[PDB]
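To start, the structure itself, in structure tokens.
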Amino acid sequence: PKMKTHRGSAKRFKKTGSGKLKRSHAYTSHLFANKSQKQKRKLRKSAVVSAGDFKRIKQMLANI
Amino acid sequence: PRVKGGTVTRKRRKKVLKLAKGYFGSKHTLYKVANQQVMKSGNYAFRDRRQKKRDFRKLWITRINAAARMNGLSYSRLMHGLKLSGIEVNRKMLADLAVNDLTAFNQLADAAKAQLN
Amino acid sequence: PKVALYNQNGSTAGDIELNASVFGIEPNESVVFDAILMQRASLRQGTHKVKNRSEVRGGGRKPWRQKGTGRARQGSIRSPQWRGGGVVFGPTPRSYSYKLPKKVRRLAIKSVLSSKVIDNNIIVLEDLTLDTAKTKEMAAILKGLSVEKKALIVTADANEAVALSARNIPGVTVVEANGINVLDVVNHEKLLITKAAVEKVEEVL
Amino acid sequence: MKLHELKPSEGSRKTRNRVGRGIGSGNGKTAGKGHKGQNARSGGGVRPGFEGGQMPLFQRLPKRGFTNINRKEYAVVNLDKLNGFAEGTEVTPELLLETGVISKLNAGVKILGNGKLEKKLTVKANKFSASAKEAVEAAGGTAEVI
RNA sequence: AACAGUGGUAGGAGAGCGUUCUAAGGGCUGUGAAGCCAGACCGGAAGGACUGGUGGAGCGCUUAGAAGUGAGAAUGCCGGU
RNA sequence: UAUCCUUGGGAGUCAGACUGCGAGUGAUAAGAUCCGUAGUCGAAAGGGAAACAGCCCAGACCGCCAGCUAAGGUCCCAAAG
RNA sequence: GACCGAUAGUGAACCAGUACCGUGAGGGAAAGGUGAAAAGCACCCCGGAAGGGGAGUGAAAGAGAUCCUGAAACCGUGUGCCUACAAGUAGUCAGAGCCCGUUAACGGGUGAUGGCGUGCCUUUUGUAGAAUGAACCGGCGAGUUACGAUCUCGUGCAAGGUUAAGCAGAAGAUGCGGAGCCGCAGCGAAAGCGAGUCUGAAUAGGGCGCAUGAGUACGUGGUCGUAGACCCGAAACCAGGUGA
RNA sequence: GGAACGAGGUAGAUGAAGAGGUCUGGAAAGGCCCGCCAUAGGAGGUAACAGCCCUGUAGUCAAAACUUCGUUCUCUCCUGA
Numbered sequence: 002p003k004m005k006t007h008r009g010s011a012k013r014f015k016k017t018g019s020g021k022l023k024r025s026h027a028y029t030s031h032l033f034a035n036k037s038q039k040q041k042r043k044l045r046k047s048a049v050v051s052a053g054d055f056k057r058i059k060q061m062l063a064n065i
Numbered sequence: 002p003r004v005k006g007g008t009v010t011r012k013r014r015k016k017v018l019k020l021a022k023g024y025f026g027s028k029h030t031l032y033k034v035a036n037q038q039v040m041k042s043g044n045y046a047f048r049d050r051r052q053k054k055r056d057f058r059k060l061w062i063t064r065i066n067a068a069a070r071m072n073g074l075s076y077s078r079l080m081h082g083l084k085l086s087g088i089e090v091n092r093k094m095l096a097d098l099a100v101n102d103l104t105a106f107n108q109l110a111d112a113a114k115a116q117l118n
Numbered sequence: 002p003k004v005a006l007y008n009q010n011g012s013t014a015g016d017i018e019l020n021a022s023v024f025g026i027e028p029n030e031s032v033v034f035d036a037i038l039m040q041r042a043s044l045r046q047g048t049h050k051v052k053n054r055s056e057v058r059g060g061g062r063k064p065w066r067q068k069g070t071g072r073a074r075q076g077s078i079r080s081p082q083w084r085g086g087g088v089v090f091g092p093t094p095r096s097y098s099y100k101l102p103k104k105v106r107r108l109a110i111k112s113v114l115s116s117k118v119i120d121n122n123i124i125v126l127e128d129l130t131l132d133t134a135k136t137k138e139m140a141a142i143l144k145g146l147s148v149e150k151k152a153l154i155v156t157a158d159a160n161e162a163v164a165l166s167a168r169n170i171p172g173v174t175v176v177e178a179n180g181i182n183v184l185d186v187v188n189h190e191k192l193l194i195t196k197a198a199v200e201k202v203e204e205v206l
Numbered sequence: 001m002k003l004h005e006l007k008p009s010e011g012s013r014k015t016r017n018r019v020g021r022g023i024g025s026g027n028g029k030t031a032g033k034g035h036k037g038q039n040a041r042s043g044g045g046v047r048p049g050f051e052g053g054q055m056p057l058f059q060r061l062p063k064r065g066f067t068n069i070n071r072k073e074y075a076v077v078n079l080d081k082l083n084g085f086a087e088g089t090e091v092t093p094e095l096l097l098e099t100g101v102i103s104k105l106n107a108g109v110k111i112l113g114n115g116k117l118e119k120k121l122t123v124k125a126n127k128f129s130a131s132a133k134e135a136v137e138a139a140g141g142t143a144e145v146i
């Protein structure tokens, strides 16, 4: 049996040329009056998965 | 393919039992109780190889001390005089003399006794 | 490679220059090793299987209640601890086959042929012709060629006379140019070819 | 080689690590699973992204975007691979597939200027880049389109 | 050669021993195979020989390969005592 | 004085104990409990502390019937005043 | 058949789904080997027989009806050394005496007496442990296989590597088969652009990328994933049946 | 529905070559020295390991009767631009 890809993480992440994983931030859904515009401009931007998490999950994304 | 393992186990265990001769009954007749004594005998043997060096030392020393007490000295005072002289032979030799050739022992003790003064 | 030629009689004649690309090349023994194991494995048959604790007959009931007895917990009389027992992992039918890449396998066969021409256990022999299909004639030929051991024989289009002969001999095998292996080559210690078959193998290689 | 002098290339082969086969091995009595716990059991473990009830990473993160049905992943040439061709010769995706330059045509062909040229060519493709076609006509070629 | 070092659980790494089978090559065996019992032999270890006895027909060695590959414990299973 | 950093593969661990020092809770009681800090044990044999995981001394490749010392000791058990 | 070889392998190599258990459905065993050939022990004795000792057959009777070998636990016979004022996880080291004489080497068996010394495994902060497990001997008995991913090592070819199914081919190797797959260019949610791209009003800055390039196929090994997935072990749940 | 023909299955037949000699041995398939057949060296058995001892193998042949397939013929039925 072929490995099954983890579909939620597939919907959330994207792969890079250097093998890193692009991601979005949290705290960016619905409750913004309790946050500074500084946070918000920082958080609409993208991010990158950390090493520990990457170690945890990368086997779930070999098939991208 | 399948593998039984008939001969190896028997051969190994018998080797152990041949090592375990002379032991009291079941400890030479039975494999595993013998194994756990043989092994124990190994630790005891290691220990005793190093206790010999500690025991014969004592024995030599007692002999030397007796001979020096009849010569009119103590072991400690003697060996101090000897190291002070240069007579660093060793205790095993001294004991062998004190048993066999006590005159030589007296020669040495007289040297040390003189050089203590 | 400018090796001698021989007749079916065993008499020498003018030599033959061979395709150095196929024969005049340095071998690669790691490659040959890999190919040999591959073929040696592919010839397996995989008819090895045993009975799991599920496949074995019976079991089912808890032979005795979990508690109250002085005996040990046991779930079935067919678990591996037991005399009858089901095997834990054991064998099971499969295939040991695998395939290499084409460049590698052709390099392998080229290499071993190069080695044969090096150590001079190779013989070219045009025009194998047998009025009969007999073995006495073949063995006489091999005697005339001083072939006292295993041997491989090659044709282009399956001389059935030569195949009917030469099989009753133990150490001898026969094949066409299309059916060449590395394993047969290695195993049979000496090689007999028709120059026709030479042109075939060297043009497909 | 010979069957009775075989040997592999060093480093190609290794012995497998058996476990539960004594303590001199260093893998006896536990097979390197250590002592008790959910990871030491038969079938023992957890699913990979699991974190012990902590809300795992992907769930705490949001989804983003979608996929188009009508996407085009054109096959890309980067304009240095063209120097392998002869001067003045036409070029087509068919020709590239023939040469093996392109192992797959995916909706068309695009050319890109990660290189340079020393050749004029009568190129025709599905789509071009600005730098690419300029480099072509600068070398003296042309920029036809399919 | 010199220098330095060499306690060790979990655990990581590396070197190997041994068992069954297969391929090839070279062998042993009714002038006595394997197996079994002795022995004061050899090797750093796993282990390996030699001699004698029993037994009365199959078995090692080398290089590789593949594994139902090594048991002292499961209130383990079976059998025997 | 040689270990430091990065990347990658593989793990195990998340019940800790005592002792000394500084603190808390406690009754300035607990071989208590909880923290910090250093050590030892754990995972470390050996000598002493009678015996005696955690104290004192000290770190085991192997052998030797050689010697110098540490802690602790020198009337006999038991080597040494 | 790089499948088993009588605890294995069909439960079952033998009169087995038998014996046996159960009201019943149902459960469910054990147990192979004389010898080349019966030539299977005429006859003599002991004995009521059985069972022996001779003789004889046979290569072999130490082969004699559980009939190839025949281990260990266990059971006994005889004897070289030791032992009835001694306490001892039962040994080790030292060591006298006595008895022997080897795979001939600072040899062997016993061992009065002295010294040191609280078993093995598990689990524990820590166990001689008055915590667990094992009566003993023997056998069997636990990290594997497929598929896929990833890392390392190796090999081959390299900006190119590779075939799958399938056809032919001895269940094979091989050839054909390039459909497909990975990589060579990425960025962006996407249109799309392109060694740049996205954001953005922005030729700004910043992120990701290139310039600082090597992958790919196969194999070994490690690890992971999905499958009973290191082995044994529940109480229990469901379906269908058997039983007043 | 029927015949004919061909092939095959359901019993089978044939089928080359050495007691070769000599040493052990209880007995040779074994050892040594020699020969032979092979479209047959596949297997099993025979007092121990057999190409040439037996049954057999390769190859070539074979069926009264019942069956399987195939070909042809009879037999049937036929219109479409």
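Residue numbers (PDB author numbering), protein chains in the order written: chain i, 2 to 65; chain U, 2 to 118; chain G, 2 to 206; chain P, 1 to 146. Backbone N, C-alpha and C fix where the C-beta goes; we use that ideal spot for every residue, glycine too.
Residues in its own chain within less than 6 Å of residue i by CB, not counting five upstream and five downstream?
i, result
"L192 (chain G)", "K117, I123, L153"
"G49 (chain P)", "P56"
"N106 (chain P)", "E73, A75"
"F106 (chain U)", "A68, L98, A99"
Residue i and residue j: beta carbons closer than 7 Å?
i, j, result
"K133 (chain P)", "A125 (chain P)", "no"
"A48 (chain i)", "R24 (chain i)", "yes"
"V187 (chain G)", "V113 (chain G)", "yes"
"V163 (chain G)", "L129 (chain G)", "yes"
"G108 (chain P)", "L79 (chain P)", "no"
"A40 (chain P)", "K33 (chain P)", "yes"
"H189 (chain G)", "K144 (chain G)", "no"
Return the chain-ordered list of same chain residues with a C-beta closer than 8 Å to the C-beta of residue i, the five sequence neighbours on each side being excluded.
i, result
"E89 (chain U)", "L83"
"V4 (chain G)", "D16, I17, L19, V118, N121, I123, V125"
"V105 (chain G)", "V32, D35, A36"
"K41 (chain i)", "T29, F33"
If we cut at 7 Å on Cβ distances, does residue i have a partner in chain G?
i, result
"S9 (chain P)", "yes"
"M1 (chain P)", "yes"
Take the Cβ of residue i as the centre, count every other Cβ of all protein chains shown within 10 Å, and call the residue buried at 16 or more, exposed below.
i, result
"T70 (chain G)", "exposed"
"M94 (chain U)", "exposed"
"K111 (chain G)", "buried"
"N91 (chain U)", "exposed"
"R64 (chain U)", "buried"
"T17 (chain i)", "exposed"
"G87 (chain G)", "buried"
"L32 (chain i)", "exposed"
"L108 (chain G)", "buried"
"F24 (chain G)", "buried"
Does any C-beta atom of chain P lie closer than 7 Å to the C-beta of residue i?
i, result
"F34 (chain G)", "yes"
"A27 (chain i)", "yes"
"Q40 (chain i)", "no"
"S37 (chain i)", "no"
"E177 (chain G)", "no"
"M4 (chain i)", "no"
"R13 (chain i)", "yes"
Between residue i and chain i, is there a C-beta pair that is closer than 7 Å?
i, result
"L112 (chain P)", "no"
"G49 (chain P)", "yes"
Please go through the same chain and pick out, in chain order, the residues whose beta-carbon is closer than 7 Å to the beta-carbon of residue i, but skip the five residues on each side of it.
i, result
"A63 (chain i)", "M4"
Between the stretch 102-114 of chain U and the stretch 62-78 of chain U, do three or more beta carbon pairs fall short of 8 Å?
Touching, yes.
Taking one C-beta from the stretch 1-17 of chain P and one from the stretch 29-36 of chain G each time, how about it: are there three or more such pairs within less than 8 Å?
The stretch 1-17 of chain P, when compared against the stretch 29-36 of chain G, does touch it at the 8 Å Cβ threshold.
Between the stretch 78-86 of chain G and the stretch 49-58 of chain G, do at least 3 Cβ pairs fall closer than 8 Å?
The stretch 78-86 of chain G, when compared against the stretch 49-58 of chain G, does touch it at the 8 Å Cβ threshold.
I want to know whether the stretch 55-65 of chain U touches the stretch 36-44 of chain U - three or more CB-CB distances under 8 Å.
Because the criterion of three Cβ pairs below 8 Å is not met, the stretch 55-65 of chain U and the stretch 36-44 of chain U do not touch.
Would the stretch 113-121 of chain P and the stretch 82-92 of chain P be scored as touching if the rule is three or more Cβ pairs under 8 Å?
A contact exists between the stretch 113-121 of chain P and the stretch 82-92 of chain P.
Indicate whether the contact test is met: 3 or more Cβ pairs, each with one atom in the stretch 38-55 of chain i and one in the stretch 86-105 of chain P, closer than 8 Å.
Touching, no.
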